[PDB]
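Encoded as structure tokens, the structure appears first; notes follow it.
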Amino acid sequence: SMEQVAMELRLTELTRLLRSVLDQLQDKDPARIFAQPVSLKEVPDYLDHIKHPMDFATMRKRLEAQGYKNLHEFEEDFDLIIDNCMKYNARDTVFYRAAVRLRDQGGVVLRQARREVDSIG
């Protein structure tokens, strides 16, 4: 149908906007702490602690499969990256501190993304 196509064009454009958002968020992680999944070879007990692991490469795979239907779903995944880290790692670690800085700096980006998503529809 023509409607299914119009819907698919909207999703494609949301994917375009979320790709830009993702790039801007990942720039706030210059140490690349959150770039890839925590290695289960190097942290074998990880899934005993963290039940829903997340990282930027995993988000990128979902994004490019047009797997985010709305900004809320994308934000859920970003928040997992941060929240998983702040639980597994102690306050006095470079990992915890990296997550706090990502959260703080990301907030600004995500605030305007929400306005853009609502605005453009």
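Just so you know, all these numbers are worked out from the coordinates, no wet-lab data involved. Here the Cβ positions follow ideal geometry from the backbone for every residue, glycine too, while neighbour counts run over all protein chains shown.
Annotations
- Counted charge near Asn70, where neighbours are those whose Cβ lies closer than 14 Å (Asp, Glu -1; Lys, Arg +1): -3
- Only alpha carbons enter this Debye calculation for region 46-90, each as an equal point scatterer, and the log10 of I(q)/I(0) it gives at q = 0.13, 0.17, 0.31 Å⁻¹ is -0.30, -0.49, -1.12.
- Sequence-separation-based contact order of the chain, relative, with Cα cut under 8 Å and 6+ spacing, percent: 30 percent
- Here region 1-32 and region 95-116 have alpha carbon centers that stand 17 Å from each other.
- The chain: most fluctuating residue of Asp23, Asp77, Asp55 per GNM, C-alpha cutoff 10 Å: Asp23
- Over region 1-68, equivalent-ellipsoid semi-axes from the Cα gyration tensor in Å: 31, 16, 7
- Legend: ranking of residues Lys51, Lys87 from fewest to most surrounding C-beta atoms inside 10 Å; resulting order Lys51, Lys87.
- Fewest neighbouring Cβ atoms within 10 Å first, the residues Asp45, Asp29 line up as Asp45, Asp29.
- Simple point charges give the picture: +1 on the Cβ of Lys and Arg, -1 on the Cβ of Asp and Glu, and for the chain a dipole about the Cα centre of about 240 debye.
- Shape parameters for the chain, alpha-carbon atoms, Rg then Dmax in Å: 15.8, 56
- Tensor-based shape of region 71-110 (alpha-carbon gyration tensor, a/c under 1.5 rounded, otherwise prolate or oblate): oblate
- Taking each residue as 0.36 nm, the span from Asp27 to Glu3 lengthens on full extension beyond its C-alpha to C-alpha distance by 5.0 nm.
- Exposure proxy shown here: for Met54, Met86, the number of other Cβ atoms within 10 Å sets the order, fewest to most, as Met86, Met54.
- Summed residue charge, Cβ within 13 Å of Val94's Cβ, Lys/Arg positive, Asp/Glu negative: +2
- Largest GNM mean-square fluctuation across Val43, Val108, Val94, computed for the chain with C-alpha springs under 10 Å, falls on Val43.
- Restricting the trypsin sites (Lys or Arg not before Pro) of region 1-38 to loop positions (DSSP other than H, G, I, E, B) with no more than 15 neighbouring Cβ atoms within 10 Å leaves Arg32.
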